[PDB]
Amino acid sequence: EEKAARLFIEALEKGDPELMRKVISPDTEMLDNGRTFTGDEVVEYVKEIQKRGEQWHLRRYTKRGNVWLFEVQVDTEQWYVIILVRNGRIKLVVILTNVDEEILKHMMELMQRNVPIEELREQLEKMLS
């Protein structure tokens, strides 16, 4: 479970779609500051990082329940990658940039309760406007 989560970040870190492909599933859902990605689209996200050449640096992390919060510096912006793992598999990912700690805590709470991606997205939208 820890490995799943960490490898996901390392894929971002390293710009490695091949690695991402290993730990996601067709059911994986991701929200990147509002926009939605399902399954193999998460892999394409990593291609965009690599085929752009800005460096993602995993700085530090926390586990809360089944939710991991990774604090990434992007070359600096504070990016946050929040991950719900379930059964060896990444279920939900939220990526945010330069948001308040309250938003991170609120999103983590929603994810802990296995809220659908629709609710996660609407909740973000209400908070960022």
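Numbering starts at 1 and follows the sequence shown.
Enquirer: Between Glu101 and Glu102, how many residues of the deposited sequence have no coordinates in this entry: none, 1 to 3, 4 to 9, or 10 or more?
Expert: Per the record, no deposited residues are absent between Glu101 and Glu102.
Enquirer: So, looking at the entry's B-factor column for Cα atoms, which has the higher mean, 33 to 41 or 78 to 86?
Expert: Taking the mean B-factor of the alpha carbons in each, 33 to 41 is higher.
Enquirer: On average, are the C-alpha B-factors higher in 42 to 50 or in 55 to 63?
Expert: Taking the mean B-factor of the alpha carbons in each, 42 to 50 is higher.
Enquirer: Report the option among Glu18, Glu10, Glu109, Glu118 whose CA atom has the maximum B-factor in the deposited record.
Expert: Of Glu18, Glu10, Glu109, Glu118, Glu18 has the highest C-alpha B-factor.
Enquirer: Taking the chain's C-alpha temperature factors as the reference, tell me which third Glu125 falls into: lowest, middle or highest.
Expert: Its C-alpha B-factor, which the entry lists for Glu125, ranks in the middle third among residues of this chain.
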